Amino acid sequence: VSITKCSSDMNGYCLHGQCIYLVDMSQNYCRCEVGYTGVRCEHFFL
């Protein structure tokens, strides 16, 4: 369990989800809303 939140000008990928940051894999980790139809929270299938 090692992750962090995001800052400003950093929300341009995940629209429906929380922004996070992987420390073991220094990269942008955005958790989408459980219920979307893509691994990028953008189009709601339901």
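Residues numbered from 1 in each chain as written, not as in the entry; some residues may be left out. Heavy atoms only, no water.

1. A short note on the packing of aromatic side chains
Keep this limit in mind: The pairing test for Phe, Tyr and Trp rings, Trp by its six-membered ring, is centres within 6.5 Å, and the orientation test on the planes gives stacked under 30 degrees, edge-to-face over 60, and tilted for anything in between.
Here the structure, examined in full by the defined rule, presents one aromatic pair. Summarising the aromatic geometry, the rings of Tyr-36 and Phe-44 are spaced 5.8 Å apart at their centres and angled 70 degrees between planes, so their arrangement reads as edge-to-face.

2. Overview of the nonpolar core
Across soluble globular proteins, nonpolar side chains show a tendency to be buried alongside one another. What counts, and what does not: Grouping buried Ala, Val, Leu, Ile, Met, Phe, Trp, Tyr and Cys residues that are joined through side-chain atoms within 4.5 Å yields what is termed a nonpolar core. The buried label applies to any residue whose accessible area, calculated with a 1.4 Å probe on protein chains only, is under 20% of its type's maximum; exposed applies above 50%, and partly exposed to all values in between. The contact criterion used is simple: two residues touch if any of their non-hydrogen atoms lie within 4.5 Å.
Listed in full, the five residues of the largest apolar core are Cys-14, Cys-19, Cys-30, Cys-32 and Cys-41. Among residues more than four places away in sequence, those in contact with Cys-32 are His-16, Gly-17, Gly-38, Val-39, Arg-40 and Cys-41.

3. So, the sheet that holds strand β1 (residues 3-4)
To keep things clear, this is the line we draw: A pair of strands counts as paired when DSSP detects no fewer than two bridges linking them. Only runs of H or I of at least four residues qualify as helices and only runs of E of at least two qualify as strands under DSSP, and these elements are numbered from the N terminus.
Pairing in this open sheet of three strands is antiparallel, and the strands run β1-β2-β3 from one edge to the other. Here the strands that pair on one side only, and so sit at the sheet edges, are β1 and β3 (27-32). Alignment of strand β2 (residues 17-22) against β3, held across six bridges, turns out to be antiparallel. Residue pairing across strands places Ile-20 opposite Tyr-29, the latter belonging to β3.

4. Description of the UniProt feature "domain: EGF-like" in the protein chain
For clarity, the threshold we go by: UniProt positions are given in the numbering used here, feature names are shortened, and annotations may be inferred rather than shown by experiment.
Under the UniProt annotation, the feature "domain: EGF-like" is placed at residues 2-42. End C-alpha to end C-alpha, residues 2-42 measures 26 Å, and it is 0% helix and 34% strand.

5. Some points on the pattern of salt bridges
Stated precisely, the cut-off is as follows: Here, a salt bridge means any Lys or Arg side-chain nitrogen found within 4 Å of an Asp or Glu carboxyl oxygen.
Taken as a whole and judged by the stated rule, the model has one salt bridge. Taking the shortest distance from any N to any O, the salt bridge between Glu-42 and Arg-40 comes out at 3.1 Å. The class for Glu-42 is partly exposed, based on a relative accessible area of 37%. Relative accessible area serves as the criterion here: at 29%, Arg-40 is assigned to the partly exposed category.

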